[PDB]
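Asker: I'd like to ask you about the structure that follows.
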Amino acid sequence: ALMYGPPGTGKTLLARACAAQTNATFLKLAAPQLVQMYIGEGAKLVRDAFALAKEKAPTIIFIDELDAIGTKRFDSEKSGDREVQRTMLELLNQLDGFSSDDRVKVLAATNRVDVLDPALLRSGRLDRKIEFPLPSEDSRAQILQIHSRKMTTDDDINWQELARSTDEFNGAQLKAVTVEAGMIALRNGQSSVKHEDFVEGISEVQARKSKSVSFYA
Amino acid sequence: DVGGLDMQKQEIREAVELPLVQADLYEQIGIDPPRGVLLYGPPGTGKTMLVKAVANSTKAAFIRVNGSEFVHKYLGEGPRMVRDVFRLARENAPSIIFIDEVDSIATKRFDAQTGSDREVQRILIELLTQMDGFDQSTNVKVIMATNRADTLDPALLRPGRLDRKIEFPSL
Amino acid sequence: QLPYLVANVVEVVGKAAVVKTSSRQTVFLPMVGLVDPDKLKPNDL
Amino acid sequence: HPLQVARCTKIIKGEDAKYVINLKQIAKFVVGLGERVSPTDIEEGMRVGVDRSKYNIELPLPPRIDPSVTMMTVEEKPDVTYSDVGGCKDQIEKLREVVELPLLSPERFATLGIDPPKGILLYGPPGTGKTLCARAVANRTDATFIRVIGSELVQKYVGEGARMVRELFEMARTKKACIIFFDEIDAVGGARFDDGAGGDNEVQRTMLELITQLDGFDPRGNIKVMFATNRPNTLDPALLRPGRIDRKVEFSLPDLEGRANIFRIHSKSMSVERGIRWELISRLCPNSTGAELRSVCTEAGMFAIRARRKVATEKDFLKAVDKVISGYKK
Amino acid sequence: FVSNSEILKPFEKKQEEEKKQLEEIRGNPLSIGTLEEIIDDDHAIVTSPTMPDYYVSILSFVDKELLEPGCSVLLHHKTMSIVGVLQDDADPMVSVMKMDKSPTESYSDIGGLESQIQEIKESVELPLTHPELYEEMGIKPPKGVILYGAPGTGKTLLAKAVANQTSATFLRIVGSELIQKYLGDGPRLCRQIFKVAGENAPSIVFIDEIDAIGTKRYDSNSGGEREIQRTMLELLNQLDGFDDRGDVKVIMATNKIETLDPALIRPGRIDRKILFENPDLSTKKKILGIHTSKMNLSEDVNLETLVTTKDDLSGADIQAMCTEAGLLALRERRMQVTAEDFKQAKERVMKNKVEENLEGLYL
Amino acid sequence: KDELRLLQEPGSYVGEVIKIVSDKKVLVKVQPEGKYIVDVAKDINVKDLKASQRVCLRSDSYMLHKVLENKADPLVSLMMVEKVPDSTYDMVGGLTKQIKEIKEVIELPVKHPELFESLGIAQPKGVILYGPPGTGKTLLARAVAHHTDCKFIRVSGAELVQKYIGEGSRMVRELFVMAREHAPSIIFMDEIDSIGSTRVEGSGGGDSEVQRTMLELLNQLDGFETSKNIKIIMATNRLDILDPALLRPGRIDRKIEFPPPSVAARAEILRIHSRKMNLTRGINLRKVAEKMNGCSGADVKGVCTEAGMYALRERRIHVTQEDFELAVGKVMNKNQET
């Protein structure tokens, strides 16, 4: 299935989750590791990762930031740099190897889809577009709860009530919010981080925008 | 092979057949033979297939140089290829170069294209060097054809080199 | 020859193989008995 | 022995330490038959080498020799406190929690529960505040400031960038509480045009050294990393995401108190009049960059030469500031 | 000849033992190259321009302290062994290298520019000719100078006039040559400029007509380039790292400084900004006095007569106007321009030249 | 016997002498390879070798072979320096001011440099041509070098600009070095001509870069090279894309304006073609010139060409006076269309 969305919204978070629920080996291809000059390397990764899925049970193959090798736009540059073209040409042959088998699965995730390929859209390939918007209000309460269980606290913190002040924060931006909560303890002269330190640092907007204006203009 | 060309065919022989065969008659007149002829009208009628048949009677090499040809993002090959064609056409007298849609080459630069397009003006340098650069002599037949253009006249109009301007009647 | 040279086969006409080595030199030679058409592939030694 | 070139032609050895590798891009060779590790001497030494491309078991003997010693500058516990950074205490407080705190009492984070940022990013006007400000916080931390200029890492040569970065974490494991500083990370970055579009691993494996060492294995309070950029958009978002590069330090314009502390320090080196008052002329000038503040002290002596005076009177500083106001207006 | 035969000739003739066979055993042939690395184990790496990079040994000729990597040395062709050391000037540095000695221009030939002479003198000539003035003040003199004007007057006469009084070799580097359109040539060519002037420093660096490296824009298009961004940063490190009493200056002149990198600007390193100004009538009197010393003028025409009509010309066309004044006299067949020739010559000059009219008829 | 010696040739390339060494071995720069030091021959002096000296080096032993002649001969695309090309002032001439302006601006400084040196003034180097379209100065440029016994040099900015690294500089430097030894000649530049002979009017993107590597070296001839007898012939009707500072000396020293085809000027132009052509008796050459309006050198050739076109339909080797009456009413209306 075709997956896209802003970073930190769970596009790369559910990759290891989909393979864990179905008990599959996780494979990830870095985008800087794709585009090259010599013919080889990433062009073999399509066939190299298939060698595992053919033997090691089904195994699910993932592609990180498909827009590098997956977006041709209006440009024919696939012929200019053959590393991108052959990777796509070998991809069409490997997806058609076993059409009746559930042990061959190849997915991908990126920021967005700027290019539509009719050859990739069909039964047995990447088709359905799954958008991953920013986490909701109640969704951020569970992520902030994970960071609170790892750090040492007094267990007096309410993760559902403090998450109401957070607006449009992804999984990565919530990590910086918990770090700011500990910085307030140093400004207040506390060895540990108490409940009053979370209320001041979570309610204040962090890692997004700083609004210092209390007056007109 | 196509009728109704009597208006054009009469103008072709004097500007093509005479300078490539009977040109010795121009020396008795005291003028140099016309080095080319211009075509004006919609392509397909007495333009594309007609010029290929004229090269048969003259027994000359027919070379296709169009306005949309030699067009690429690389820089420096545009003027280099035009010079090599005239270099070969100068040694071989029986040569004819037909130009279809000359307004593509005739179009000049009204704005800065920044990068990757420097060649709009560069293609006019070597095209006009083989005509206005040297004296008046015909080692090759340069025939240009205009599809639709308002005003493009870098060297084109006036009888400096080119003589006859053939306008296809629309009536 | 024990110091074998790295090469990438462009095409495995039917009994002839086309290989391009790392030296930027492509040669035309017929297939021998010590190699197989499936054994000649890019990203292979 | 230093090796800047290695090659061999038509050599039959033996599987075990055979080598027979041509480092030139023409006629490339590999090694089969198992795996062997010989970091000291593989076979003959000498013409055994690696250079750009990785081949099999040849990795333990990289050609690490290079006259790059003029690039990296290692200074343990710099004594620089305030010179042109006078008035930057706003940025020092930004560097107090994420730098001074883990390098002084790292055990506080066990009670806090949070973690120090893996890296600190510097931002501001180009060529200002990215030099002496990094050494100012290093004094309070009593740490080791290692400055590696990224100008020599601009090359696309394979193995140049990943080799120097790897050696920084190796020396950082020996002594605790060290600061690894990368000068002009825009010259390095996570990706450039010659990485993806080219067939070179330069900067391709260099980012892996920052991912494997800093975030992956090496600790935080003991080994810290600092970056300096002219814009965040020139860095690979992989390194920009939280967990590696977190805090971003922005250089602002010092106030009147910051300008007064910088002028009184420069007044000791340059000959000045004993009766001048910097609390007035500096107040007439608005907030300016730290680079323009040194220009006021240098331009003040230029008008003194025209006025033919052994020192700089109060009227000399007035003409130097008016020259900055009329030509800058910052 | 007589002295060298009775002094230098018997020195080589009487005693021959060593220094003759030093170039023999190692090898006769010579192939120039560059030392990659120097060590105490008597082995090094040399690379010739043909790239026959090998691994060779070292024999004792000069001490290892004199051998430095990055310089041309004395080598062998076949075995590529080190047979000695040579001068580093043979190493190609910048594609365009122009070293001029004894510049012709001076302060007397540039006219009424004394308003701009004192400016360029204080930032260049004054620290060179009076290093004690900046030393007693405890300040560093400005290394860079920003100039404005046109080539031949503003960006030319001001640059060459200073090198005459400072007795320094004129060193010209084209601004476009700093960027070779190859990654890594930016920082390499900039360091080699200060290397030639970094030994005895008997010169001054001059750079003129920068339409390219002065503007990096935001990208590699619209006149800018990506290699320009990282080149201007290394020039800053080479500007601050360069320390002297002012024997060498870096003078760069462009049309607009608004596109320059604020890093390379570095206030306090460049204290001098000289904008082109419109000279007064006294400037023409100094330019006329040079040519009137050769060409003879009539007694009824003095320096005040020719300066009467002057429209937007600084120093360049006063010589060009007098060229037509001497050309018209050739039509009358005379070698001395007289009063009748001055009137008819100046009318052919001041007229029919500038088509655009700046006039107060807007009303 | 001469064959057997020449059957086996190891080959020799071309190189330039750089500097000399006290070891009796000279440094020679190699274009495809690089600077390499060789051993001098027995008939070649090592001390006589100076900078930028073209010599022959054997490729087998990698040693000095012979010494060639010293002249500038780089890659030539339309750059070939010729001698006395074929043109005359009678064909493209016919105007009094046309020839008069060429003499003082070109013939005087180039042929007799002592005229301006005796007056203590500098000689003119660059010049700009003005006039209506259809001047024909391209053929006149060859007449200038023909009658003054000077060599002709045609400069084309299209062939001097390539995409390869270093071509945007050295190719212009080739023109800079060539003008030093070949200085007693005449240089003609293309792509800048706006006056209607060869109309280009520069390139927007083409001249937006190379102009710093080209126009800068133009002023370096007088300031640095200090070479005389170099006449730069340039033309345009406006200064836009090029350097606005070109008006300064060392680049543009003069402005010449071609007089429009007035009654007295155009009448003598028709007398030019009448000599090479065939005309009959009773033809008034002044009356025909009054029948047309503002016909430049390009329009007069067509009226004469069209006059000969009717003669071919008449099966006559001569152009009758009646053909001129039909030629005026044709070419004037022929050029107006489109």
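Each chain in the structure tokens gets a letter, A, B, ..., in the order shown, and its residues are numbered from 1; ligands are numbered from 1 in order too.
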Show which residues sit within 7 Å of residue 79 in chain B, as a list in words. Count only C-alpha atoms, and ignore same-chain residues fewer than 6 positions away.

Answerer: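 Neighbouring residues, sequence-local ones excluded: residues 122, 123 and 126 of chain B; 158 and 159 of chain F.
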
Asker: Those residues you just picked out, can you put them in a file as an mmCIF file, in the first residue's frame with N, CA, C and O atoms?

Answerer:
```cif
data_model
loop_
_atom_site.group_PDB
_atom_site.id
_atom_site.type_symbol
_atom_site.label_atom_id
_atom_site.label_comp_id
_atom_site.auth_asym_id
_atom_site.auth_seq_id
_atom_site.Cartn_x
_atom_site.Cartn_y
_atom_site.Cartn_z
ATOM 1 N N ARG B 122 22.940 32.304 -30.259
ATOM 2 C CA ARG B 122 24.153 31.683 -30.785
ATOM 3 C C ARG B 122 23.919 31.010 -32.131
ATOM 4 O O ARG B 122 24.835 30.953 -32.960
ATOM 5 N N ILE B 123 22.711 30.493 -32.372
ATOM 6 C CA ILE B 123 22.437 29.813 -33.632
ATOM 7 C C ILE B 123 22.347 30.791 -34.796
ATOM 8 O O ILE B 123 22.476 30.382 -35.955
ATOM 9 N N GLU B 126 26.429 31.660 -36.592
ATOM 10 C CA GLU B 126 27.002 30.862 -37.669
ATOM 11 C C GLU B 126 26.081 30.776 -38.877
ATOM 12 O O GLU B 126 26.560 30.601 -40.003
ATOM 13 N N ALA F 158 30.820 32.838 -30.355
ATOM 14 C CA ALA F 158 30.139 31.557 -30.206
ATOM 15 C C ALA F 158 31.134 30.406 -30.119
ATOM 16 O O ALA F 158 30.949 29.479 -29.322
ATOM 17 N N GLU F 159 32.194 30.448 -30.928
ATOM 18 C CA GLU F 159 33.182 29.377 -30.930
ATOM 19 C C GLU F 159 34.178 29.490 -29.785
ATOM 20 O O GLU F 159 34.883 28.516 -29.499
#
```

Asker: From a DSSP calculation on the backbone, collect every residue of range 87-293 of chain E in alpha helix (DSSP H) and output the set as JSON, numbers by chain.

Answerer: {"E": [114, 115, 116, 117, 118, 119, 120, 126, 127, 128, 129, 131, 132, 133, 134, 135, 136, 157, 158, 159, 160, 161, 162, 163, 164, 165, 185, 186, 187, 188, 189, 190, 191, 192, 193, 194, 195, 196, 226, 227, 228, 229, 230, 231, 232, 233, 234, 235, 236, 237, 238, 239, 240, 241, 262, 263, 264, 265, 281, 282, 283, 284, 285, 286, 287, 288, 289, 290, 291]}

Asker: I want to know what sits within 12 Å of range 40-54 of chain B, based on only C-alpha atoms, with residues of the same chain fewer than 2 positions away left out; could you give that as a PyMOL selection string?

Answerer: (chain B and resi 1-9+12-13+15-17+20+37-38+56-64+66+95-103+141-150+164-171) or (chain F and resi 337-338)

Asker: For a test of reading the model, state the distance in Å between CA of residue 77 in chain B and CA of residue 193 in chain D, rounded to one decimal.

Answerer: 25.8 Å

Asker: Please run DSSP on the backbone and report, as a ChimeraX atom specification, all residues within range 97-244 of chain E that come out as strand (DSSP E or B).

Answerer: /E:98-100,144-147,169-174,203-210

Asker: Take the residues from that selection and put them in a file with N, CA and C atoms, as an mmCIF file, in the first residue's frame.

Answerer:
```cif
data_model
loop_
_atom_site.group_PDB
_atom_site.id
_atom_site.type_symbol
_atom_site.label_atom_id
_atom_site.label_comp_id
_atom_site.auth_asym_id
_atom_site.auth_seq_id
_atom_site.Cartn_x
_atom_site.Cartn_y
_atom_site.Cartn_z
ATOM 1 N N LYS E 98 49.674 37.125 -13.211
ATOM 2 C CA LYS E 98 50.316 38.290 -13.808
ATOM 3 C C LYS E 98 51.074 39.043 -12.726
ATOM 4 N N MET E 99 52.397 39.095 -12.857
ATOM 5 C CA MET E 99 53.262 39.828 -11.939
ATOM 6 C C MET E 99 53.913 40.968 -12.710
ATOM 7 N N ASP E 100 53.537 42.200 -12.377
ATOM 8 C CA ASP E 100 54.049 43.389 -13.042
ATOM 9 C C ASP E 100 54.960 44.144 -12.084
ATOM 10 N N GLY E 144 41.712 44.988 3.488
ATOM 11 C CA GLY E 144 40.967 45.120 2.257
ATOM 12 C C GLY E 144 40.535 46.545 1.955
ATOM 13 N N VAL E 145 40.307 46.803 0.669
ATOM 14 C CA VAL E 145 39.845 48.100 0.185
ATOM 15 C C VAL E 145 38.764 47.865 -0.859
ATOM 16 N N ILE E 146 37.621 48.523 -0.690
ATOM 17 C CA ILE E 146 36.504 48.429 -1.623
ATOM 18 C C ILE E 146 36.519 49.659 -2.518
ATOM 19 N N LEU E 147 36.476 49.439 -3.829
ATOM 20 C CA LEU E 147 36.536 50.513 -4.808
ATOM 21 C C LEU E 147 35.295 50.492 -5.690
ATOM 22 N N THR E 169 55.567 44.887 -5.971
ATOM 23 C CA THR E 169 55.267 44.250 -7.244
ATOM 24 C C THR E 169 53.759 44.168 -7.455
ATOM 25 N N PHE E 170 53.318 44.518 -8.661
ATOM 26 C CA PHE E 170 51.901 44.483 -8.995
ATOM 27 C C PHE E 170 51.488 43.046 -9.290
ATOM 28 N N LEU E 171 50.537 42.531 -8.515
ATOM 29 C CA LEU E 171 50.044 41.164 -8.656
ATOM 30 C C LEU E 171 48.551 41.226 -8.942
ATOM 31 N N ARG E 172 48.157 40.808 -10.142
ATOM 32 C CA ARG E 172 46.772 40.874 -10.585
ATOM 33 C C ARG E 172 46.185 39.472 -10.658
ATOM 34 N N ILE E 173 45.014 39.293 -10.050
ATOM 35 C CA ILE E 173 44.277 38.036 -10.093
ATOM 36 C C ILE E 173 42.865 38.344 -10.569
ATOM 37 N N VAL E 174 42.458 37.716 -11.671
ATOM 38 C CA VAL E 174 41.122 37.936 -12.207
ATOM 39 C C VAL E 174 40.096 37.321 -11.264
ATOM 40 N N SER E 203 55.273 42.647 -2.570
ATOM 41 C CA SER E 203 54.201 42.819 -3.546
ATOM 42 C C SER E 203 52.917 43.186 -2.811
ATOM 43 N N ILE E 204 51.858 43.405 -3.591
ATOM 44 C CA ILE E 204 50.519 43.682 -3.080
ATOM 45 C C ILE E 204 49.519 42.977 -3.987
ATOM 46 N N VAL E 205 48.527 42.328 -3.384
ATOM 47 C CA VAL E 205 47.532 41.577 -4.144
ATOM 48 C C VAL E 205 46.486 42.538 -4.695
ATOM 49 N N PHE E 206 46.233 42.453 -5.999
ATOM 50 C CA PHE E 206 45.227 43.268 -6.668
ATOM 51 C C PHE E 206 44.253 42.363 -7.408
ATOM 52 N N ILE E 207 42.958 42.626 -7.241
ATOM 53 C CA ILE E 207 41.900 41.898 -7.931
ATOM 54 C C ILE E 207 40.889 42.912 -8.444
ATOM 55 N N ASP E 208 40.522 42.797 -9.719
ATOM 56 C CA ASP E 208 39.655 43.768 -10.367
ATOM 57 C C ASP E 208 38.588 43.053 -11.185
ATOM 58 N N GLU E 209 37.458 43.738 -11.372
ATOM 59 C CA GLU E 209 36.368 43.296 -12.245
ATOM 60 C C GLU E 209 35.819 41.935 -11.804
ATOM 61 N N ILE E 210 35.132 41.956 -10.666
ATOM 62 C CA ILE E 210 34.452 40.776 -10.144
ATOM 63 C C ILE E 210 32.964 40.947 -10.431
#
```

Asker: List as an mmCIF file with N, CA, C and O atoms, in the first residue's frame the protein and nucleic acid residues near residue 88 in chain A, meaning an atom at most 9 Å away when only C-alpha atoms are counted, but skip any in the same chain fewer than 6 places from it.

Answerer:
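And here is the file that came out, around_37.cif:
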```
data_model
loop_
_atom_site.group_PDB
_atom_site.id
_atom_site.type_symbol
_atom_site.label_atom_id
_atom_site.label_comp_id
_atom_site.auth_asym_id
_atom_site.auth_seq_id
_atom_site.Cartn_x
_atom_site.Cartn_y
_atom_site.Cartn_z
ATOM 1 N N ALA A 43 20.450 -1.023 -7.183
ATOM 2 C CA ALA A 43 19.742 -1.852 -8.153
ATOM 3 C C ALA A 43 19.720 -3.312 -7.722
ATOM 4 O O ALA A 43 18.770 -4.039 -8.032
ATOM 5 N N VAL A 46 16.997 -4.463 -4.613
ATOM 6 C CA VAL A 46 15.678 -5.004 -4.927
ATOM 7 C C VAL A 46 15.744 -6.521 -5.037
ATOM 8 O O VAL A 46 14.884 -7.237 -4.508
ATOM 9 N N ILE A 69 13.717 7.723 -5.639
ATOM 10 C CA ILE A 69 13.707 6.848 -6.807
ATOM 11 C C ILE A 69 12.312 6.644 -7.379
ATOM 12 O O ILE A 69 12.171 5.982 -8.417
ATOM 13 N N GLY A 70 11.278 7.188 -6.742
ATOM 14 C CA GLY A 70 9.918 6.925 -7.177
ATOM 15 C C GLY A 70 9.241 8.055 -7.922
ATOM 16 O O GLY A 70 8.155 7.867 -8.479
#
```

Asker: Could you list, as a PDB file with N, CA and C atoms, in the first residue's frame, every residue within 9 Å of range 251-255 of chain D, counting only C-alpha atoms and ignoring same-chain residues fewer than 5 positions away?

Answerer:
```
ATOM      1  N   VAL D  85      32.529  38.385  22.723  1.00  0.00           N
ATOM      2  CA  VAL D  85      31.289  37.706  23.085  1.00  0.00           C
ATOM      3  C   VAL D  85      30.635  38.415  24.262  1.00  0.00           C
ATOM      4  N   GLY D  86      31.193  39.556  24.664  1.00  0.00           N
ATOM      5  CA  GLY D  86      30.588  40.344  25.720  1.00  0.00           C
ATOM      6  C   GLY D  86      29.155  40.718  25.403  1.00  0.00           C
ATOM      7  N   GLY D  87      28.231  40.355  26.289  1.00  0.00           N
ATOM      8  CA  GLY D  87      26.818  40.547  26.046  1.00  0.00           C
ATOM      9  C   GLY D  87      26.100  39.348  25.466  1.00  0.00           C
ATOM     10  N   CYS D  88      26.787  38.221  25.294  1.00  0.00           N
ATOM     11  CA  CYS D  88      26.195  37.000  24.765  1.00  0.00           C
ATOM     12  C   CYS D  88      25.629  36.099  25.855  1.00  0.00           C
ATOM     13  N   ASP D  90      22.916  35.822  27.082  1.00  0.00           N
ATOM     14  CA  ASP D  90      21.643  35.233  26.682  1.00  0.00           C
ATOM     15  C   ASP D  90      21.857  33.907  25.961  1.00  0.00           C
ATOM     16  N   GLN D  91      22.874  33.838  25.099  1.00  0.00           N
ATOM     17  CA  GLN D  91      23.214  32.578  24.448  1.00  0.00           C
ATOM     18  C   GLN D  91      23.989  31.651  25.374  1.00  0.00           C
ATOM     19  N   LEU D 122      24.516  25.825  16.145  1.00  0.00           N
ATOM     20  CA  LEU D 122      24.758  27.259  16.217  1.00  0.00           C
ATOM     21  C   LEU D 122      24.194  27.944  14.979  1.00  0.00           C
ATOM     22  N   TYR D 123      23.623  29.129  15.179  1.00  0.00           N
ATOM     23  CA  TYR D 123      23.018  29.882  14.090  1.00  0.00           C
ATOM     24  C   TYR D 123      23.196  31.370  14.357  1.00  0.00           C
ATOM     25  N   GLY D 124      23.215  32.150  13.280  1.00  0.00           N
ATOM     26  CA  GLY D 124      23.348  33.583  13.375  1.00  0.00           C
ATOM     27  C   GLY D 124      23.899  34.189  12.100  1.00  0.00           C
ATOM     28  N   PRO D 125      24.451  35.399  12.202  1.00  0.00           N
ATOM     29  CA  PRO D 125      25.058  36.019  11.028  1.00  0.00           C
ATOM     30  C   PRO D 125      26.326  35.287  10.633  1.00  0.00           C
ATOM     31  N   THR D 128      30.164  35.501  12.437  1.00  0.00           N
ATOM     32  CA  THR D 128      30.041  36.219  13.699  1.00  0.00           C
ATOM     33  C   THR D 128      29.392  35.318  14.736  1.00  0.00           C
ATOM     34  N   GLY D 129      29.999  35.248  15.920  1.00  0.00           N
ATOM     35  CA  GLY D 129      29.439  34.519  17.036  1.00  0.00           C
ATOM     36  C   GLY D 129      29.598  33.017  16.992  1.00  0.00           C
ATOM     37  N   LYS D 130      30.122  32.460  15.902  1.00  0.00           N
ATOM     38  CA  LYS D 130      30.304  31.020  15.781  1.00  0.00           C
ATOM     39  C   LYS D 130      31.708  30.560  16.155  1.00  0.00           C
ATOM     40  N   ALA D 260      29.733  47.832  26.167  1.00  0.00           N
ATOM     41  CA  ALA D 260      30.634  48.501  27.100  1.00  0.00           C
ATOM     42  C   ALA D 260      31.735  47.563  27.579  1.00  0.00           C
ATOM     43  N   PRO D 286      23.126  52.120  17.827  1.00  0.00           N
ATOM     44  CA  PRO D 286      22.142  51.075  18.141  1.00  0.00           C
ATOM     45  C   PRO D 286      22.779  49.701  18.266  1.00  0.00           C
ATOM     46  N   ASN D 287      21.950  48.668  18.410  1.00  0.00           N
ATOM     47  CA  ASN D 287      22.464  47.311  18.533  1.00  0.00           C
ATOM     48  C   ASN D 287      23.168  46.891  17.249  1.00  0.00           C
ATOM     49  N   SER D 288      24.407  46.428  17.387  1.00  0.00           N
ATOM     50  CA  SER D 288      25.231  46.049  16.250  1.00  0.00           C
ATOM     51  C   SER D 288      25.869  44.690  16.504  1.00  0.00           C
ATOM     52  N   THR D 289      26.364  44.085  15.428  1.00  0.00           N
ATOM     53  CA  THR D 289      27.003  42.783  15.522  1.00  0.00           C
ATOM     54  C   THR D 289      28.353  42.894  16.227  1.00  0.00           C
ATOM     55  N   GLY D 290      28.820  41.758  16.749  1.00  0.00           N
ATOM     56  CA  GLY D 290      30.110  41.719  17.414  1.00  0.00           C
ATOM     57  C   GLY D 290      31.280  42.009  16.499  1.00  0.00           C
TER      58      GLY D 290
END
```

Asker: Pick the closest to residue 41 in chain D from D:61, D:27, D:276, D:296: which is it, counting only C-alpha atoms?

Answerer: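 That would be D:61, the residue with the smallest distance to residue 41 in chain D.
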
Asker: Between CA of residue 38 in chain E and CA of residue 26 in chain D, what distance in Å does the model show, to one decimal?

Answerer: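 According to the coordinates, CA of residue 38 in chain E and CA of residue 26 in chain D are separated by 28.2 Å.
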
Asker: Quick one: residues within 12 Å of residue 55 in chain A, only C-alpha atoms counted, chain neighbours fewer than 5 positions away excluded, as a PyMOL selection string?

Answerer: chain A and resi 25+48-50+103-104

Asker: Could you list, as a PyMOL selection string, every residue of chain D that has an atom within 9 Å of an atom of chain E, counting only C-alpha atoms?

Answerer: chain D and resi 1-7+46-47+65-67+125-128+151-152+154-156+184+186-187+267-272+291-299+301-302+304-305+310-312+327

Asker: Create the file for the chosen residues now, containing C-alpha atoms and written as a JSON list (two decimals), in the first residue's frame.

Answerer:
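Okay, part29.json is ready:
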```
[["chain", "number", "residue", "atom", "x", "y", "z"],
["D", 1, "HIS", "CA", 55.00, 3.74, 6.44],
["D", 2, "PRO", "CA", 52.84, 6.43, 4.82],
["D", 3, "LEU", "CA", 50.99, 5.11, 1.77],
["D", 4, "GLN", "CA", 49.44, 7.55, -0.70],
["D", 5, "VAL", "CA", 49.23, 4.94, -3.49],
["D", 6, "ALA", "CA", 49.02, 1.17, -3.73],
["D", 7, "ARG", "CA", 48.72, -1.29, -6.61],
["D", 46, "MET", "CA", 54.08, -1.43, 0.97],
["D", 47, "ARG", "CA", 51.85, -1.63, -2.12],
["D", 65, "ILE", "CA", 48.17, 9.31, 6.40],
["D", 66, "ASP", "CA", 47.45, 12.90, 5.32],
["D", 67, "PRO", "CA", 48.95, 16.37, 6.10],
["D", 125, "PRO", "CA", 25.06, 36.02, 11.03],
["D", 126, "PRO", "CA", 27.81, 34.45, 8.90],
["D", 127, "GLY", "CA", 31.27, 34.86, 10.36],
["D", 128, "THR", "CA", 30.04, 36.22, 13.70],
["D", 151, "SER", "CA", 36.73, 23.57, 4.47],
["D", 152, "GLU", "CA", 39.05, 20.63, 3.76],
["D", 154, "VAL", "CA", 34.40, 19.91, 1.09],
["D", 155, "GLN", "CA", 36.31, 17.56, -1.23],
["D", 156, "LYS", "CA", 34.38, 14.70, -2.83],
["D", 184, "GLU", "CA", 30.90, 25.18, 9.06],
["D", 186, "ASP", "CA", 27.25, 23.53, 5.75],
["D", 187, "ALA", "CA", 30.58, 22.53, 4.19],
["D", 267, "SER", "CA", 41.00, 49.79, 25.12],
["D", 268, "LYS", "CA", 43.83, 48.01, 26.96],
["D", 269, "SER", "CA", 45.53, 46.85, 23.75],
["D", 270, "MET", "CA", 45.02, 50.09, 21.80],
["D", 271, "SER", "CA", 46.33, 53.44, 23.01],
["D", 272, "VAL", "CA", 43.41, 55.56, 24.25],
["D", 291, "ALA", "CA", 32.19, 42.10, 14.25],
["D", 292, "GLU", "CA", 31.26, 45.78, 13.88],
["D", 293, "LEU", "CA", 32.28, 46.45, 17.49],
["D", 294, "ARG", "CA", 35.90, 45.61, 16.71],
["D", 295, "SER", "CA", 35.65, 47.88, 13.67],
["D", 296, "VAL", "CA", 34.83, 50.85, 15.91],
["D", 297, "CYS", "CA", 38.08, 50.40, 17.83],
["D", 298, "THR", "CA", 40.10, 50.05, 14.61],
["D", 299, "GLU", "CA", 38.44, 52.96, 12.79],
["D", 301, "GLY", "CA", 42.65, 55.14, 15.38],
["D", 302, "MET", "CA", 42.31, 55.99, 11.69],
["D", 304, "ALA", "CA", 43.40, 59.90, 15.13],
["D", 305, "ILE", "CA", 46.13, 59.58, 12.50],
["D", 310, "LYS", "CA", 49.14, 59.75, 19.94],
["D", 311, "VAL", "CA", 45.85, 58.52, 21.46],
["D", 312, "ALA", "CA", 42.17, 58.45, 20.48],
["D", 327, "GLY", "CA", 27.45, 52.53, 5.90]]
```

Asker: Extract, using only C-alpha atoms, all DNA, RNA and protein residues at most 8 Å from residue 7 in chain C, discarding same-chain residues fewer than 2 positions from it, and format them as a PyMOL selection string.

Answerer: chain C and resi 5+9+19-22+44-45
